[PDB]
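What follows is a single structure, written as structure tokens, with notes after it.
Note that the chains are named A, B, C and D in the order they appear, and that numbering of residues resets to 1 at the start of each chain.
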Amino acid sequence: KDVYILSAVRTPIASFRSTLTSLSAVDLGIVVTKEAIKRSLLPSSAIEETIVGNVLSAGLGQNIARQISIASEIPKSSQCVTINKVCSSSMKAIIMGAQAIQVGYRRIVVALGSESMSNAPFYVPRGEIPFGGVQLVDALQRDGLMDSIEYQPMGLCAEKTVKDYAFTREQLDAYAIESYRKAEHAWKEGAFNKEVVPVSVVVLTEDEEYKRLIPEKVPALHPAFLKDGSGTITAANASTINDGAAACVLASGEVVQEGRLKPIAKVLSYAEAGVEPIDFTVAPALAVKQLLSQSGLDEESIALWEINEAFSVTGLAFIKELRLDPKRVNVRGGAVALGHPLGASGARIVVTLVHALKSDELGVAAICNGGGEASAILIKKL
Amino acid sequence: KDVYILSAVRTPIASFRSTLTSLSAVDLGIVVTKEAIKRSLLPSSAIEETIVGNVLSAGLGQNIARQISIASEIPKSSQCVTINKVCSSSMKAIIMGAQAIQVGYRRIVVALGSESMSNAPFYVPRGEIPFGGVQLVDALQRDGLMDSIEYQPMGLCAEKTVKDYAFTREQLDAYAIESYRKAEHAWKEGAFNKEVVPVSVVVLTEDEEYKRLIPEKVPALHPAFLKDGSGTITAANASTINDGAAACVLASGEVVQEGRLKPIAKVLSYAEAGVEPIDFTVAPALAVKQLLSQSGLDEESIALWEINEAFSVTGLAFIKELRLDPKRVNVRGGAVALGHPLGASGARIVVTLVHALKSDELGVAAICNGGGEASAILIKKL
Amino acid sequence: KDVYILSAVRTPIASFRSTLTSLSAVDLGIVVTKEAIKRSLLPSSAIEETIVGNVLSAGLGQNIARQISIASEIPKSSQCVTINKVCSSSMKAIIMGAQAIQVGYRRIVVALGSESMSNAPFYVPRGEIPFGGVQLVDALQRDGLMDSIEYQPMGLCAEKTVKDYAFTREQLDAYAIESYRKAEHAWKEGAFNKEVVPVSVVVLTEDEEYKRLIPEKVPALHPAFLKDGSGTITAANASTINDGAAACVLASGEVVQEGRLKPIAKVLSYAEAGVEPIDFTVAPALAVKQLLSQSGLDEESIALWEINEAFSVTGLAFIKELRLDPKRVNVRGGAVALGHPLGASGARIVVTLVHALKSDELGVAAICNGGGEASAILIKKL
Amino acid sequence: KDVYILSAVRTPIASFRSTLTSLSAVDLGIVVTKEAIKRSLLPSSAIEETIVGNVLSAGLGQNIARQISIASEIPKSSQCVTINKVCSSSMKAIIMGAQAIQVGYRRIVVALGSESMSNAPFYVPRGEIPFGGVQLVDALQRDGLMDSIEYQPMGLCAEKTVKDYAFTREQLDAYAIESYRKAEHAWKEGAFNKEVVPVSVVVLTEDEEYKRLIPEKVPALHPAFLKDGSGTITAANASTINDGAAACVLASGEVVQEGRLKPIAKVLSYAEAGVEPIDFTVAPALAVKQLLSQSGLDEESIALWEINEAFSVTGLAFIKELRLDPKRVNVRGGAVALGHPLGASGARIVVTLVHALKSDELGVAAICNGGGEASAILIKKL
């Protein structure tokens, strides 16, 4: 009842209202589910559960996990569930899949995330519209980017963490520009060629966001969330809104043995942490401290880190708190350069981690989410 | 790592655009979470996870499970997730909570469901509106009541099951009227007084739907889903749209022992089944066959049954397939009379089952969902 | 080329979202056009032009005057135009009809107004909706009740006139309550029985608004437009939003002679005035001063007055400025009690004036409109 | 009480959602009103009335004629009215201005039309949205381009006229391509330089639509309105939707004499006709027959014609019915090439006619409108 990763794939990540606009989160979920099954070397008939992270579910139909599963030729007998833990959604999906295996209920599952922020709608409230009209509510704002407890944007919340660490505009901007550099370098060298599956639309084969940097504009931008003169977070050093999906097939040790399989990684452990909503940016290091403690490891044991870059400060805070070598963190770039399709990013950083690790190396992927939580997973590359 | 139910409570179920309109799914979720914690006799500080079923999540904010948890004074360190398995959502929530305990990850969790169908919005699509305009999409239809694979209403799908069993309008209507009779009788005798928690708005203390039956109108209604002359399902013998919530606190055997607690029930087993989307109505008996097989039980072992009444045919098919005594099924009425707040109904039928069972009796609660799946749980009353 | 009124009829005036909701402005316009033609004793084939006042034209189709004309069996060869002078619209319609006759172009026309404020829609702007959404604009506000030059409600503007005359809450409220008294008395005594035509929907036969007064509530209301403590205008002493229509058939002296007709009144003269938008409330007395001057008359020559009661202050200011006997003004009540369907009110007060006048008496009807204008007409009852 | 044209100006006509999108119909109306006043050589204080044609008035505020008048520094005492006769609206405006002068009521008026089809909104109906949602109605369709009596597009109606004259796709397309040729030639030679006033936005100085012809695509297009195989009208041989405005200052003979003015043209006569809505395309020749009859003229008396090109068939039918020399008709191109801002086109073709005529020449401008009417005016160039 050990947990192995058989496959780990992702779409390229597209910009908002760009190349993937005509494809739904269901469509993208089918792309990565089908390809993850193909690369797992198991038939779709062997997949027992489909677990899908998705945040902006409005307008997509009943339980998109079931739509994806059926369209991916997974048996009607297999169980399908869609889950929402904001940015952590598809990391939670992977953790749920691991748990199902750990407890002996399942042998083989597919865990993924998919998000089409391009197709998030606007809301008209139920019940008659009063004299004077009403605001059309943006799903992206209300259900995606605004903290619902503090009733302010996650980027305004993150400014608190900026101040708490005495970070500067200069550091946030340098971090962002370096995320773009690493992403550009990775694409130039073909470093994403093991993990990216092309999406027919005529075909998207490369991430879009990293090409959009206008360097000379970065110091000219005005703070986007805090405008009292002390602001630091801008459109350039915050992640963007994006479309994409990512998937892993998980299988038990028994399946691996019986099938003579060659899994690509092993899930060793996971941890979850929670803090005040406003402080969500520092939850990942808390989850990692728990992860390493329970695993009898320390930071130096870990070859590579993925910390999802909700904002540049997310990366900086993580690196500073855990006293990491920055050169071992997000080595192929992170979401500030690659984009952040909310429901997909949890699985997306696990996919990137798996394929950056060399054999026998340990990696940690960690992600925060609006509301004050974070999830982390420890993996060993085989 | 046995799984006990410490508490099981629900709101009254309100009609569409009625007494609970001013309360959100978050508000209702807080009501039942707070009261479930109170009746568990554990402090809110002991709750380790909050797992919430919800289908129509549009406009409600980030991850309503986290909103509910925080507003219920559960620690910021506790983990919160919202899940969508259409009508099965909060049965899945309970199963997830049981699994977390089974695997030794958690000791104490709260599992619930909440749905405010009154506040489900309409959708305007992203991107510019073409010449000629566009349809405003109803969340209730698109994300709640329409099967997304067959692209037709669940009630049209259920007509297939009607034909497959050779059920008649006469049987469907008699079943419906009897669900209302049992609900009315239960409320007259106070049978829901252990489980219902009143909701301040001036206060809702009783289910609303069961009072709305107009008997003489039932045979006069025209089929609502199939109009070719062979239709049988009507507004009266189908469940309605509704607002409500239901919650259980679950705890491990270790917690019970250490705390000298008196749990009210034990979760013995669960099962999940899946079939073709159009055949969703017959999935519950399939789940129960699995449940009983793996538990070494047969149908006669079971004192009481709850089968969620998506439609009258749901109950009839279940009873016929499993050859049950109808007098042991939904003894206090079912959703055709009580209402069907989608995300809440899974937990709601577990709550009703728990409090109808007498000590040492075994009960089964089963629920189907759009897309072709069903979930079932076996419980022992203590 | 003298101008005679052959007929003058109106619908009852219905409250907002009340009995006439299912009828469009076109439907109501057809009712009064058909009945005005009937009572003119001329065939519909003789009507040469149809001139219709209407303010909230959104969603009603092309040129509602043509829709009304065709559906009223007026020849396809007859000319149809819809005009907007806000509250003055159908007084302008009558003036246009008189001018067409005066200049010898036409012999016979129908001039009317129709407004269904119940069916005024909300607006979604053209072009893609930005991040964060957009306000749904209320047609009633934007195109009806807000002054577009001052960008504030007409009721806020009218507070300036209140201050300029040193009027008091006490006077405004007493005026309002008296408008209701006169309307109630008129309906009790059958005084509207010559002019009102019933509207089949099962039938509306009486004005609705005047029955809605709650006397004891009037001094308890808070100012609706000005909230700095100096406000005086409230929901009770302002006119309401309403549905209704009114129509007159006009004919030349030549037609009357050739047809041996018995016209009910003669149009002697008209005048139009304009002032600053904020001062629109005092434009009617300015128009009347011009009207009387050019006609060689003085105020004492005039038996009865109709001053459209946009607000109670409209009536008070008019009476004070012209030094009128209040008992000769709006003797059957005015729009504060009867309602104010914007596009219809100009013709509606001419209809009420015509039928309150006794033979050989002179009457003046005057009406202000948002933007700072007013229209007045002098008539002689035959 | 003769009627003279002192000035006649227009904006360039912009394409839908193009260069003038940021300008409202009020903004464009102010541009042409101010410039018409400037070129009339009278001060704005002398303008006694402002009469404005406009069809799609939704969202624009109260009585746009008053907004335009005030913003153009015309006295608050001057009278302002907005009128809707669909495509004929601003020809009707000019006729109303002429009548006001003819009857001796006014000496000096400005008559214009303005339309911003780019800013026509969508409509949400009043009252609560039913289960299943509702269609968002396009103002352009419902209030502009659909005949409201036949409940079909004006282009489908026009196919009847195509059949009645045995016109062919080949003739309609050749006519369209020639309208574009004449427009292109006119702009190349500077023929619109007397009438066009540039619009600051950085500035629009030339009509946009005529540049958009793709010749080789014209025979490839499918009929847009009638798809049973007998259709002939396409996007290329129908007019387009557009933004623009046009204005004339009119003055009496007395004003001209007293002011020592040099008017540019004289309005000799006007006529109006009406037919069945479906037959609206043949109303213009009917109006012209009346115009010429009452004026003691015949077709050969007329140097130049403007027939508004709602469709290519509009021009062809007019030319055929009146047996005109095509080389004297729309000599600088017509609306199929220049665009058709509905409320503006009536005045726009009068402006183009005035400035194409040489001194002492007679011209006729004629325009049809949805609903079955047409207006025509006879002018003499001075």
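Here is the rule we go by: a contact is a pair of C-beta atoms (placed from the backbone, for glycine too) under 8 Å apart; a residue touches a chain by one contact, two chains touch by 3 or more.
A quick map from chain label to UniProt name: A, B, C, D = Acetyl-CoA acetyltransferase A.
The pair with more inter-chain C-beta contacts, choosing from B-C and A-C, is A-C. Which listed pair repeats B-D comes down to matching contact pairs by residue number; over half match for A-C among A-C, A-D or C-D. Taken over every residue number at the interface, the positions common to subunit A and subunit B amount to over half, indicating a same-residue contact. Averaged C-alpha coordinates put the centre of subunit A at 31 Å from the centre of subunit B. Distance from the subunit B centre to the subunit C centre is 57 Å, each centre being the mean of its Cα atoms. For the pair subunit A and subunit C, the distance between C-alpha centroids works out to 63 Å. Touching of two or more other chains is recorded for residues 122, 124, 126-127, 129, 136-137 of subunit B. Taken as a graph of touching chains, this assembly is fully connected, with contact between every pair of chains. The list of touching chain pairs reads A-B, A-C, A-D, B-C, B-D, C-D.
Touching subunit C in their complex are the following residues of subunit B: 124, 126-129. Those residues of subunit A that touch subunit B in the complex are listed here as 17, 21, 55, 57-63, 66-67, 70, 75-86, 92, 96, 99-100, 102-103, 105, 118-127, 136-137, 139, 142-144, 146-149, 272-277, 369-373. Those residues of subunit C whose C-beta lies close enough to touch subunit A in the complex are 122, 124, 129, 131-138, 140-141.
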